[PDB]
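What's in model_7.cif: mmCIF, C-alpha atoms and all ligand atoms
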```cif
data_structure
#
loop_
_atom_site.label_atom_id
_atom_site.label_comp_id
_atom_site.auth_asym_id
_atom_site.auth_seq_id
_atom_site.Cartn_x
_atom_site.Cartn_y
_atom_site.Cartn_z
CA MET V 1 10.72 9.58 -11.25
CA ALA V 2 10.23 10.51 -7.62
CA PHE V 3 7.73 10.36 -4.77
CA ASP V 4 7.28 12.21 -1.52
CA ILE V 5 5.08 11.65 1.52
CA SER V 6 4.53 14.13 4.33
CA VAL V 7 2.46 13.38 7.44
CA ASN V 8 1.78 15.25 10.64
CA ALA V 9 4.40 14.11 13.12
CA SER V 10 1.82 12.96 15.65
CA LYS V 11 1.10 10.15 13.18
CA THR V 12 3.00 6.96 12.48
CA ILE V 13 3.84 5.77 8.96
CA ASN V 14 3.61 2.01 8.50
CA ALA V 15 6.02 1.30 5.64
CA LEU V 16 6.19 -2.17 4.13
CA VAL V 17 8.75 -3.21 1.53
CA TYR V 18 8.74 -6.45 -0.42
CA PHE V 19 9.31 -7.93 -3.84
CA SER V 20 6.25 -9.72 -5.19
CA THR V 21 6.96 -12.66 -7.51
CA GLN V 22 3.42 -12.68 -8.90
CA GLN V 23 3.49 -8.98 -9.73
CA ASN V 24 7.17 -9.05 -10.67
CA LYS V 25 7.40 -5.76 -8.78
CA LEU V 26 9.27 -4.11 -5.93
CA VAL V 27 6.54 -2.76 -3.63
CA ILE V 28 6.74 0.09 -1.15
CA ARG V 29 3.47 0.49 0.73
CA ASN V 30 2.92 3.30 3.21
CA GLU V 31 -0.09 3.28 5.49
CA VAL V 32 -1.21 6.18 7.67
CA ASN V 33 -4.35 5.11 9.51
CA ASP V 34 -7.00 4.40 6.88
CA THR V 35 -5.00 5.97 4.06
CA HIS V 36 -2.56 3.93 1.96
CA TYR V 37 -0.03 5.09 -0.62
CA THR V 38 1.77 2.46 -2.65
CA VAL V 39 4.47 2.80 -5.28
CA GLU V 40 5.64 -0.12 -7.40
CA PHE V 41 8.86 -0.56 -9.37
CA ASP V 42 10.40 -3.11 -11.73
CA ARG V 43 12.62 -5.91 -10.40
CA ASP V 44 15.85 -4.05 -11.19
CA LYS V 45 15.28 -0.45 -10.19
CA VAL V 46 17.08 1.29 -7.31
CA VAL V 47 15.00 3.53 -5.03
CA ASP V 48 16.93 5.93 -2.76
CA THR V 49 14.73 7.00 0.17
CA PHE V 50 15.22 9.72 2.78
CA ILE V 51 13.29 9.86 6.04
CA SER V 52 13.37 13.14 7.91
CA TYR V 53 11.64 15.44 10.35
CA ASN V 54 10.67 18.96 9.40
CA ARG V 55 10.74 21.02 12.60
CA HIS V 56 9.05 24.08 11.12
CA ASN V 57 5.91 22.24 9.96
CA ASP V 58 6.09 19.38 12.53
CA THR V 59 5.91 16.72 9.84
CA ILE V 60 7.61 13.41 9.07
CA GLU V 61 8.75 13.26 5.46
CA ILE V 62 9.75 10.40 3.19
CA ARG V 63 11.25 11.24 -0.18
CA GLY V 64 12.18 8.62 -2.77
CA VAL V 65 14.16 9.09 -5.95
CA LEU V 66 15.49 6.91 -8.76
CA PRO V 67 19.24 7.66 -8.94
CA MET U 1 6.06 1.88 -12.52
CA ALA U 2 2.75 2.37 -10.76
CA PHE U 3 1.14 4.05 -7.75
CA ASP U 4 -2.06 3.56 -5.82
CA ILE U 5 -3.85 5.60 -3.18
CA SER U 6 -6.76 4.40 -1.06
CA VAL U 7 -8.62 6.62 1.42
CA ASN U 8 -11.69 6.14 3.55
CA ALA U 9 -14.62 7.39 1.50
CA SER U 10 -15.67 9.90 4.15
CA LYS U 11 -12.53 11.80 3.16
CA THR U 12 -11.85 14.03 0.19
CA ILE U 13 -8.71 13.75 -1.94
CA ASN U 14 -7.33 17.07 -3.12
CA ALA U 15 -5.47 16.20 -6.33
CA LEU U 16 -3.36 18.82 -8.07
CA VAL U 17 -1.71 18.30 -11.45
CA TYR U 18 0.81 20.61 -13.07
CA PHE U 19 4.03 20.68 -15.03
CA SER U 20 6.78 22.58 -13.26
CA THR U 21 9.30 24.32 -15.53
CA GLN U 22 11.86 24.70 -12.74
CA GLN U 23 11.71 21.03 -11.79
CA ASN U 24 11.22 19.92 -15.39
CA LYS U 25 8.66 17.49 -13.97
CA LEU U 26 5.02 16.50 -14.31
CA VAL U 27 3.64 16.68 -10.75
CA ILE U 28 0.67 14.87 -9.28
CA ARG U 29 0.08 15.90 -5.68
CA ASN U 30 -2.61 14.29 -3.56
CA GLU U 31 -3.55 15.78 -0.21
CA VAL U 32 -5.79 14.13 2.37
CA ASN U 33 -6.04 16.45 5.36
CA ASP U 34 -2.53 16.85 6.77
CA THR U 35 -1.10 14.00 4.70
CA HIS U 36 0.38 14.59 1.24
CA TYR U 37 1.50 12.07 -1.37
CA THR U 38 3.28 13.37 -4.44
CA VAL U 39 4.57 11.54 -7.49
CA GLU U 40 6.74 13.23 -10.12
CA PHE U 41 7.43 12.21 -13.71
CA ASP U 42 9.59 13.39 -16.61
CA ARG U 43 8.23 15.86 -19.17
CA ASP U 44 7.32 13.15 -21.67
CA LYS U 45 5.79 10.32 -19.68
CA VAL U 46 2.13 9.27 -19.92
CA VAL U 47 0.31 8.48 -16.65
CA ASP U 48 -3.01 6.60 -16.95
CA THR U 49 -5.09 7.12 -13.79
CA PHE U 50 -8.25 5.40 -12.60
CA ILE U 51 -10.52 6.81 -9.90
CA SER U 52 -12.99 4.43 -8.36
CA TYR U 53 -15.09 3.54 -5.34
CA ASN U 54 -14.71 0.24 -3.56
CA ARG U 55 -18.10 -0.58 -2.03
CA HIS U 56 -16.87 -3.47 0.10
CA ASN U 57 -14.24 -1.44 1.98
CA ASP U 58 -15.94 1.99 1.58
CA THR U 59 -12.83 3.56 0.10
CA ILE U 60 -11.99 5.92 -2.75
CA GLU U 61 -9.12 4.59 -4.84
CA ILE U 62 -6.78 6.20 -7.33
CA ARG U 63 -4.49 3.95 -9.35
CA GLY U 64 -1.89 5.26 -11.78
CA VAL U 65 0.14 3.29 -14.30
CA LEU U 66 2.70 4.03 -17.01
CA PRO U 67 1.30 2.41 -20.18
CA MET L 1 -13.33 28.02 -14.96
CA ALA L 2 -14.91 25.88 -12.24
CA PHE L 3 -16.04 22.35 -13.11
CA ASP L 4 -18.03 19.55 -11.52
CA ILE L 5 -18.33 16.03 -12.94
CA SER L 6 -19.81 12.86 -11.48
CA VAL L 7 -20.38 9.18 -12.28
CA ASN L 8 -22.40 6.50 -10.54
CA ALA L 9 -20.04 4.96 -8.03
CA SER L 10 -20.13 1.58 -9.79
CA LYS L 11 -18.12 3.17 -12.61
CA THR L 12 -14.57 4.48 -12.95
CA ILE L 13 -13.24 7.88 -14.01
CA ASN L 14 -10.21 7.31 -16.23
CA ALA L 15 -7.82 10.27 -16.67
CA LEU L 16 -4.72 10.12 -18.84
CA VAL L 17 -2.15 12.83 -18.07
CA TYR L 18 0.96 13.96 -19.94
CA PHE L 19 2.93 17.06 -20.81
CA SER L 20 3.26 17.42 -24.58
CA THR L 21 6.53 19.17 -25.40
CA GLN L 22 5.39 19.80 -28.99
CA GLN L 23 2.14 21.52 -28.03
CA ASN L 24 3.85 23.00 -24.99
CA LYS L 25 0.74 22.05 -23.04
CA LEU L 26 -0.28 19.82 -20.16
CA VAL L 27 -2.93 17.46 -21.56
CA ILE L 28 -5.56 15.51 -19.63
CA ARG L 29 -7.80 13.06 -21.49
CA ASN L 30 -10.72 11.97 -19.30
CA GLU L 31 -13.30 9.26 -19.85
CA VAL L 32 -16.42 9.90 -17.76
CA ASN L 33 -19.18 7.37 -18.43
CA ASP L 34 -20.06 7.71 -22.12
CA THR L 35 -18.13 10.97 -22.44
CA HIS L 36 -14.60 12.04 -23.33
CA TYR L 37 -13.13 15.37 -22.23
CA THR L 38 -9.83 16.58 -23.65
CA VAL L 39 -8.37 19.32 -21.46
CA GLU L 40 -5.23 21.31 -22.41
CA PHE L 41 -3.47 24.07 -20.50
CA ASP L 42 -0.07 25.71 -20.11
CA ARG L 43 3.08 24.94 -18.12
CA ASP L 44 3.22 26.11 -14.50
CA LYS L 45 -0.56 26.29 -14.34
CA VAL L 46 -2.36 23.97 -11.95
CA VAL L 47 -5.56 21.99 -12.23
CA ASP L 48 -6.81 21.75 -8.66
CA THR L 49 -9.40 19.06 -8.04
CA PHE L 50 -11.35 17.55 -5.17
CA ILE L 51 -12.34 13.90 -5.46
CA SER L 52 -15.08 12.62 -3.17
CA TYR L 53 -17.76 9.99 -2.71
CA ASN L 54 -21.25 11.50 -2.47
CA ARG L 55 -23.19 9.22 -0.14
CA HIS L 56 -26.44 10.99 -0.91
CA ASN L 57 -26.58 10.01 -4.56
CA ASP L 58 -24.01 7.18 -4.68
CA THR L 59 -21.64 8.99 -7.07
CA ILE L 60 -17.94 9.66 -7.41
CA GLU L 61 -17.56 13.43 -7.73
CA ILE L 62 -14.70 15.52 -9.03
CA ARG L 63 -14.97 19.25 -8.59
CA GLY L 64 -12.27 21.78 -9.22
CA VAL L 65 -10.82 24.76 -11.00
CA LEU L 66 -9.10 24.95 -14.39
CA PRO L 67 -6.58 27.59 -15.50
CA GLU L 68 -7.99 30.64 -17.30
CA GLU L 69 -6.49 29.68 -20.65
CA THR L 70 -7.75 26.12 -20.98
CA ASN L 71 -8.98 24.33 -24.12
CA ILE L 72 -11.73 21.74 -23.63
CA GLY L 73 -13.00 19.18 -26.11
CA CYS L 74 -16.05 17.03 -25.48
CA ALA L 75 -17.14 13.96 -27.41
CA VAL L 76 -19.64 11.17 -26.77
CA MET G 1 13.89 -10.52 14.25
CA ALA G 2 12.52 -7.29 15.72
CA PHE G 3 14.55 -4.09 15.31
CA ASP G 4 14.51 -0.54 16.61
CA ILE G 5 16.73 2.26 15.31
CA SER G 6 16.70 6.00 15.98
CA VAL G 7 18.50 9.22 15.05
CA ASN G 8 18.31 12.72 16.46
CA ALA G 9 15.55 14.42 14.51
CA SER G 10 17.96 16.93 12.97
CA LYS G 11 19.38 14.07 10.91
CA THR G 12 18.08 11.92 8.06
CA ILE G 13 17.74 8.15 7.70
CA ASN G 14 18.75 7.21 4.16
CA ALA G 15 17.59 3.81 2.88
CA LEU G 16 18.43 2.49 -0.57
CA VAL G 17 16.16 -0.33 -1.76
CA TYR G 18 16.43 -2.72 -4.70
CA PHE G 19 15.77 -6.31 -5.68
CA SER G 20 18.95 -7.97 -6.91
CA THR G 21 18.08 -10.61 -9.50
CA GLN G 22 21.57 -12.11 -9.28
CA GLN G 23 21.51 -12.60 -5.50
CA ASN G 24 17.79 -13.34 -5.70
CA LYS G 25 17.40 -11.08 -2.66
CA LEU G 26 15.71 -7.85 -1.69
CA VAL G 27 18.50 -5.54 -0.49
CA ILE G 28 18.18 -2.50 1.77
CA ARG G 29 21.26 -0.36 2.45
CA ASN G 30 20.61 2.05 5.32
CA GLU G 31 22.69 4.96 6.58
CA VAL G 32 21.81 5.80 10.18
CA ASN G 33 24.02 8.53 11.64
CA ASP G 34 27.59 7.20 11.52
CA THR G 35 26.39 3.66 10.77
CA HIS G 36 25.65 1.56 7.71
CA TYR G 37 23.34 -1.46 7.80
CA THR G 38 23.11 -3.81 4.85
CA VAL G 39 19.96 -5.93 5.06
CA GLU G 40 19.20 -8.80 2.63
CA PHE G 41 16.18 -11.09 2.51
CA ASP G 42 14.20 -13.25 0.11
CA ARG G 43 11.44 -12.63 -2.43
CA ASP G 44 7.85 -12.52 -1.15
CA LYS G 45 9.05 -11.74 2.35
CA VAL G 46 8.11 -8.40 3.87
CA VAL G 47 10.00 -5.93 6.01
CA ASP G 48 7.30 -4.23 8.05
CA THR G 49 8.33 -0.96 9.65
CA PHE G 50 6.82 1.84 11.71
CA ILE G 51 8.30 5.31 11.29
CA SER G 52 7.55 7.88 13.98
CA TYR G 53 8.74 11.06 15.63
CA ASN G 54 9.45 10.59 19.34
CA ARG G 55 8.60 13.90 20.99
CA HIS G 56 10.07 12.80 24.29
CA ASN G 57 13.63 12.51 23.06
CA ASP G 58 13.47 14.44 19.77
CA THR G 59 14.32 11.43 17.57
CA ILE G 60 13.11 9.84 14.37
CA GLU G 61 12.38 6.21 15.20
CA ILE G 62 12.00 3.19 12.96
CA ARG G 63 10.82 -0.01 14.57
CA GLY G 64 9.81 -3.16 12.82
CA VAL G 65 10.18 -6.81 12.01
CA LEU G 66 12.54 -8.53 9.58
CA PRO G 67 12.00 -11.90 7.88
CA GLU G 68 13.42 -14.95 9.67
CA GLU G 69 16.11 -15.55 7.05
CA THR G 70 17.70 -12.11 6.91
CA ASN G 71 21.40 -11.25 6.54
CA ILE G 72 22.59 -8.07 8.28
CA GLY G 73 25.89 -6.26 7.88
CA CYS G 74 26.94 -3.38 10.08
CA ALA G 75 29.80 -0.96 9.49
CA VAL G 76 30.80 2.38 10.99
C1 LIG R 101 -5.42 12.29 -11.30
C2 LIG R 101 -6.66 13.15 -11.13
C3 LIG R 101 -6.98 13.91 -12.41
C4 LIG R 101 -8.29 14.68 -12.30
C5 LIG R 101 -8.72 15.21 -13.65
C6 LIG R 101 -9.80 16.28 -13.52
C7 LIG R 101 -10.10 16.92 -14.87
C8 LIG R 101 -11.59 16.84 -15.18
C9 LIG R 101 -11.96 17.81 -16.30
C10 LIG R 101 -13.43 17.69 -16.69
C11 LIG R 101 -13.88 18.97 -17.38
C12 LIG R 101 -15.37 18.91 -17.71
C13 LIG R 101 -15.90 20.27 -18.12
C14 LIG R 101 -17.40 20.19 -18.26
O1 LIG R 101 -18.11 19.78 -17.31
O2 LIG R 101 -17.97 20.55 -19.32
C1 LIG R 102 11.39 3.19 2.89
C2 LIG R 102 11.50 2.76 4.35
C3 LIG R 102 12.58 1.71 4.53
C4 LIG R 102 12.78 1.35 6.00
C5 LIG R 102 14.04 0.52 6.19
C6 LIG R 102 14.06 -0.16 7.55
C7 LIG R 102 15.23 -1.12 7.66
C8 LIG R 102 16.08 -0.80 8.89
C9 LIG R 102 17.00 -1.97 9.23
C10 LIG R 102 17.91 -1.66 10.40
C11 LIG R 102 18.40 -2.95 11.04
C12 LIG R 102 19.26 -2.65 12.27
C13 LIG R 102 19.50 -3.91 13.09
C14 LIG R 102 20.20 -3.53 14.38
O1 LIG R 102 19.70 -2.67 15.14
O2 LIG R 102 21.27 -4.07 14.70
#
```

Would you put the structure from the file into structure tokens?
Ligand SMILES: CCCCCCCCCCCCCC(=O)O
Ligand SMILES: CCCCCCCCCCCCCC(=O)O
Amino acid sequence: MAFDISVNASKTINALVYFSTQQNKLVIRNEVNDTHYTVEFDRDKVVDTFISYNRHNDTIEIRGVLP
Amino acid sequence: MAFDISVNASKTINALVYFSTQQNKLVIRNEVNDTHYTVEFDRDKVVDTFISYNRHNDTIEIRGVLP
Amino acid sequence: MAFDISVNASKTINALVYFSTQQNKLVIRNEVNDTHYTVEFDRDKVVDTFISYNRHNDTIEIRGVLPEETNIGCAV
Amino acid sequence: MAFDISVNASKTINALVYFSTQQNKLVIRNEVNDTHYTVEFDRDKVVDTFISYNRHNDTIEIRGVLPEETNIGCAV
């Protein structure tokens, strides 16, 4: 189980993280202008995320894995 | 385990689905211009996806869940 | 193997996706209005689709290309 | 509780996220260059962050706001 986001580095990623009691889920929401990408996980899952810059493609990347 | 994508409905979502032998993963890649959002799953997971239009916000939505 | 499907935008396209180790196939089961499509193709082959809203006829449209060796079932 | 962290863009920010049922807290463990931040806050509180590339000083920047009742640990 993994996810990956890549955006042009002129853009800003608005990342929100919370645990919702009503949903009983860990939420990671990523917004890039009018586009949103959300992933949701159970209350006891560990998500390891890596934020980086790719110089060759001029992109910001976020990769998430379940270790 | 769930994901959700929302994009302004003037945009087109390029969704690619494949199983990679080298990664041993089911891949769902969604590209919206220069932004990409990929989710990856194990070889025997079922992903139920729903593609819809939200008239109030003028957005295309894709929601995926593991049933 | 190009395809183009559409539904009125008040409705939802529902696609179930999985890789079946026993069939050794990627399987997509799609519900499109009153219609079911079962699509099966091989590992390391891609289904490449474009999902859009057609403002001219108020539809959700999916257009794309299937691998050469694809099996398709249709039922209503 | 505003924050602003940065690393040279040749490096990676590594954030581990989980909700600990026993502590009844959302926990984020971040590695930022030579530094570790442990951040803990309550359910139904949001950490709202903005991740960008700063072309002027070649850094990855994360700026954002933490909930009022947040615990922060820092180690090098
Ligand atoms: C998560 C997005 C999945 C997109 C699934 C697209 C597959 C649609 C196949 C429809 C094939 C219909 C063929 C026909 O028109 O007779
Ligand atoms: C998946 C994205 C997660 C983003 C995590 C942002 C949390 C960063 C907290 C850093 C707090 C540092 C406080 C300080 O500068 O002393």

- Task: Up to 6 Å from (2.7, 2.7, 3.3) in the file's coordinates: name the residues, counting only C-alpha atoms, as a PyMOL selection string.
- Result: chain V and resi 14-15+29-31+36-37

Interface rows for chain U against chain L: nearest pair, Å to one decimal, 6 Å, all atoms listed in the file, as JSON lines:
```
{"residue": "U:9", "atom": "CA", "partner": "L:53", "partner_atom": "CA", "distance": 5.9}
{"residue": "U:12", "atom": "CA", "partner": "L:52", "partner_atom": "CA", "distance": 4.9}
{"residue": "U:13", "atom": "CA", "partner": "L:51", "partner_atom": "CA", "distance": 5.1}
{"residue": "U:14", "atom": "CA", "partner": "L:50", "partner_atom": "CA", "distance": 4.5}
{"residue": "U:15", "atom": "CA", "partner": "L:49", "partner_atom": "CA", "distance": 5.2}
{"residue": "U:16", "atom": "CA", "partner": "L:48", "partner_atom": "CA", "distance": 4.6}
{"residue": "U:17", "atom": "CA", "partner": "L:47", "partner_atom": "CA", "distance": 5.4}
{"residue": "U:18", "atom": "CA", "partner": "L:46", "partner_atom": "CA", "distance": 4.8}
{"residue": "U:19", "atom": "CA", "partner": "L:43", "partner_atom": "CA", "distance": 5.3}
{"residue": "U:20", "atom": "CA", "partner": "L:44", "partner_atom": "CA", "distance": 5.2}
{"residue": "U:43", "atom": "CA", "partner": "L:19", "partner_atom": "CA", "distance": 5.7}
{"residue": "U:44", "atom": "CA", "partner": "L:19", "partner_atom": "CA", "distance": 5.9}
{"residue": "U:46", "atom": "CA", "partner": "L:18", "partner_atom": "CA", "distance": 4.8}
{"residue": "U:47", "atom": "CA", "partner": "L:17", "partner_atom": "CA", "distance": 5.2}
{"residue": "U:48", "atom": "CA", "partner": "L:16", "partner_atom": "CA", "distance": 4.3}
{"residue": "U:49", "atom": "CA", "partner": "L:15", "partner_atom": "CA", "distance": 5.1}
{"residue": "U:50", "atom": "CA", "partner": "L:14", "partner_atom": "CA", "distance": 4.5}
{"residue": "U:51", "atom": "CA", "partner": "L:13", "partner_atom": "CA", "distance": 5.0}
{"residue": "U:52", "atom": "CA", "partner": "L:12", "partner_atom": "CA", "distance": 4.9}
{"residue": "U:53", "atom": "CA", "partner": "L:9", "partner_atom": "CA", "distance": 5.8}
```

May I have the selected residues written with C-alpha atoms, as a short mmCIF file (atom, residue, chain, number, x, y, z; two decimals), keeping the file's coordinate frame?
```cif
data_model
loop_
_atom_site.label_atom_id
_atom_site.label_comp_id
_atom_site.auth_asym_id
_atom_site.auth_seq_id
_atom_site.Cartn_x
_atom_site.Cartn_y
_atom_site.Cartn_z
CA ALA U 9 -14.62 7.39 1.50
CA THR U 12 -11.85 14.03 0.19
CA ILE U 13 -8.71 13.75 -1.94
CA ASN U 14 -7.33 17.07 -3.12
CA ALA U 15 -5.47 16.20 -6.33
CA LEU U 16 -3.36 18.82 -8.07
CA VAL U 17 -1.71 18.30 -11.45
CA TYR U 18 0.81 20.61 -13.07
CA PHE U 19 4.03 20.68 -15.03
CA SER U 20 6.78 22.58 -13.26
CA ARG U 43 8.23 15.86 -19.17
CA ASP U 44 7.32 13.15 -21.67
CA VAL U 46 2.13 9.27 -19.92
CA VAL U 47 0.31 8.48 -16.65
CA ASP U 48 -3.01 6.60 -16.95
CA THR U 49 -5.09 7.12 -13.79
CA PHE U 50 -8.25 5.40 -12.60
CA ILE U 51 -10.52 6.81 -9.90
CA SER U 52 -12.99 4.43 -8.36
CA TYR U 53 -15.09 3.54 -5.34
#
```

Transformed chain U, reference chain V, in-order C-alpha pairing, as a CSV table (one decimal) with C-alpha atoms, in the frame of the given file:
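Result file follows (out-v1.csv):
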```
chain,number,residue,atom,x,y,z
U,1,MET,CA,10.7,9.6,-11.3
U,2,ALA,CA,10.2,10.5,-7.6
U,3,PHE,CA,7.7,10.4,-4.8
U,4,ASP,CA,7.3,12.2,-1.5
U,5,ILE,CA,5.1,11.6,1.5
U,6,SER,CA,4.5,14.1,4.3
U,7,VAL,CA,2.5,13.4,7.4
U,8,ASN,CA,1.8,15.2,10.6
U,9,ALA,CA,4.4,14.1,13.1
U,10,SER,CA,1.8,13.0,15.6
U,11,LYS,CA,1.1,10.2,13.2
U,12,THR,CA,3.0,7.0,12.5
U,13,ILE,CA,3.8,5.8,9.0
U,14,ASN,CA,3.6,2.0,8.5
U,15,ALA,CA,6.0,1.3,5.6
U,16,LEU,CA,6.2,-2.2,4.1
U,17,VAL,CA,8.8,-3.2,1.5
U,18,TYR,CA,8.7,-6.5,-0.4
U,19,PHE,CA,9.3,-7.9,-3.8
U,20,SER,CA,6.3,-9.7,-5.2
U,21,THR,CA,7.0,-12.7,-7.5
U,22,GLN,CA,3.4,-12.7,-8.9
U,23,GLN,CA,3.5,-9.0,-9.7
U,24,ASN,CA,7.2,-9.0,-10.7
U,25,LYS,CA,7.4,-5.8,-8.8
U,26,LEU,CA,9.3,-4.1,-5.9
U,27,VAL,CA,6.5,-2.8,-3.6
U,28,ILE,CA,6.7,0.1,-1.2
U,29,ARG,CA,3.5,0.5,0.7
U,30,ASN,CA,2.9,3.3,3.2
U,31,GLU,CA,-0.1,3.3,5.5
U,32,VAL,CA,-1.2,6.2,7.7
U,33,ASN,CA,-4.4,5.1,9.5
U,34,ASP,CA,-7.0,4.4,6.9
U,35,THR,CA,-5.0,6.0,4.1
U,36,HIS,CA,-2.6,3.9,2.0
U,37,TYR,CA,0.0,5.1,-0.6
U,38,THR,CA,1.8,2.5,-2.6
U,39,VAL,CA,4.5,2.8,-5.3
U,40,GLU,CA,5.6,-0.1,-7.4
U,41,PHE,CA,8.9,-0.6,-9.4
U,42,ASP,CA,10.4,-3.1,-11.7
U,43,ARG,CA,12.6,-5.9,-10.4
U,44,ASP,CA,15.8,-4.1,-11.2
U,45,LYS,CA,15.3,-0.4,-10.2
U,46,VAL,CA,17.1,1.3,-7.3
U,47,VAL,CA,15.0,3.5,-5.0
U,48,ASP,CA,16.9,5.9,-2.8
U,49,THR,CA,14.7,7.0,0.2
U,50,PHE,CA,15.2,9.7,2.8
U,51,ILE,CA,13.3,9.9,6.0
U,52,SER,CA,13.4,13.1,7.9
U,53,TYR,CA,11.6,15.4,10.3
U,54,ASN,CA,10.7,19.0,9.4
U,55,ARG,CA,10.7,21.0,12.6
U,56,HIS,CA,9.0,24.1,11.1
U,57,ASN,CA,5.9,22.2,10.0
U,58,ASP,CA,6.1,19.4,12.5
U,59,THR,CA,5.9,16.7,9.8
U,60,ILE,CA,7.6,13.4,9.1
U,61,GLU,CA,8.7,13.3,5.5
U,62,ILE,CA,9.8,10.4,3.2
U,63,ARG,CA,11.3,11.2,-0.2
U,64,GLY,CA,12.2,8.6,-2.8
U,65,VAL,CA,14.2,9.1,-6.0
U,66,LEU,CA,15.5,6.9,-8.8
U,67,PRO,CA,19.2,7.7,-8.9
```

- Message: When you count only C-alpha atoms, which of these residues is closest to chain U: V:57, V:21, V:38, V:33?
- Response: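 Using only C-alpha atoms, chain U sits closest to V:38.
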
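For the atom pair formed by atom CA of residue U:24 and atom CA of residue U:42, the distance is 6.8 Å, given to one decimal.
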
Enclosing box along x, y and z for every listed atom of ligand LIG 101 (chain R), padded 8 Å each side, centre and size in Å, one decimal, as lines of an AutoDock Vina configuration file:
```
center_x = -11.8
center_y = 16.4
center_z = -15.2
size_x = 28.7
size_y = 24.3
size_z = 24.2
```

- Could you check which of V:28, V:66, V:39, V:60 is closest to ligand LIG 102 (chain R), using all atoms listed in the file? V:28

- Can you tell me how far atom CA of residue G:22 sits from atom CA of residue V:22, in Å to one decimal? 18.2 Å

- Which residue of L:6, L:37, L:1, L:56 approaches residue L:69 most closely, using only C-alpha atoms: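 Checking each candidate against residue L:69, we get L:1 as the closest.
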
Tell me, counting all atoms listed in the file, for each residue of chain G within 6 Å of ligand LIG 102 (chain R), which pair of atoms is nearest and how far apart they are in Å to one decimal, in rows ordered by chain and increasing number, as a tab-separated table.
```
residue	atom	partner	partner_atom	distance
G:3	CA	R:LIG102	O1	5.3
G:4	CA	R:LIG102	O1	5.8
G:5	CA	R:LIG102	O1	5.8
G:15	CA	R:LIG102	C3	5.7
```

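In terms of minimum interatomic distance to ligand LIG 101 (chain R), L:2 ranks closest within L:34, L:24, L:2, L:68, counting only C-alpha atoms and all ligand atoms.
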
- Considering all atoms listed in the file, state which residue in the set U:27, U:55, U:34, U:7 is at the smallest distance from ligand LIG 101 (chain R). U:27

- Query: Which distance in Å separates atom CA of residue V:58 and atom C2 of ligand LIG 101 (chain R), to one decimal?
  - Reply: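 Value for the atom CA of residue V:58-atom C2 of ligand LIG 101 (chain R) distance: 27.6 Å.
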
Got a minute to add N, CA and C atoms to stretch 12-24 of chain L and dump it as a compact mmCIF listing (two decimals), in the frame of the given file?
```
# COMPACT_ATOMS: atom_id res chain seq x y z
N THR L 12 -15.90 3.93 -13.18
CA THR L 12 -14.57 4.48 -12.95
C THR L 12 -14.35 5.74 -13.79
N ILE L 13 -13.73 6.76 -13.20
CA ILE L 13 -13.24 7.88 -14.01
C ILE L 13 -11.80 7.59 -14.43
N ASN L 14 -11.52 7.69 -15.72
CA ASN L 14 -10.21 7.31 -16.23
C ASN L 14 -9.56 8.54 -16.84
N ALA L 15 -8.51 9.06 -16.20
CA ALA L 15 -7.82 10.27 -16.67
C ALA L 15 -6.39 9.97 -17.08
N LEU L 16 -6.06 10.29 -18.32
CA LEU L 16 -4.72 10.12 -18.84
C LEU L 16 -4.05 11.48 -18.84
N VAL L 17 -2.85 11.56 -18.28
CA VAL L 17 -2.15 12.83 -18.07
C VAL L 17 -0.76 12.81 -18.68
N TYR L 18 -0.39 13.86 -19.40
CA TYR L 18 0.96 13.96 -19.94
C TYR L 18 1.28 15.40 -20.28
N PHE L 19 2.56 15.76 -20.30
CA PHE L 19 2.93 17.06 -20.81
C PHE L 19 3.47 16.89 -22.22
N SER L 20 2.83 17.52 -23.19
CA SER L 20 3.26 17.42 -24.58
C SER L 20 4.24 18.54 -24.91
N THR L 21 5.50 18.18 -25.13
CA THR L 21 6.53 19.17 -25.40
C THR L 21 6.24 19.90 -26.72
N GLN L 22 5.66 19.19 -27.69
CA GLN L 22 5.39 19.80 -28.99
C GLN L 22 4.28 20.84 -28.89
N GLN L 23 3.20 20.53 -28.18
CA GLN L 23 2.14 21.52 -28.03
C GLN L 23 2.51 22.54 -26.98
N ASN L 24 3.49 22.20 -26.16
CA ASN L 24 3.85 23.00 -24.99
C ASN L 24 2.62 23.18 -24.12
```
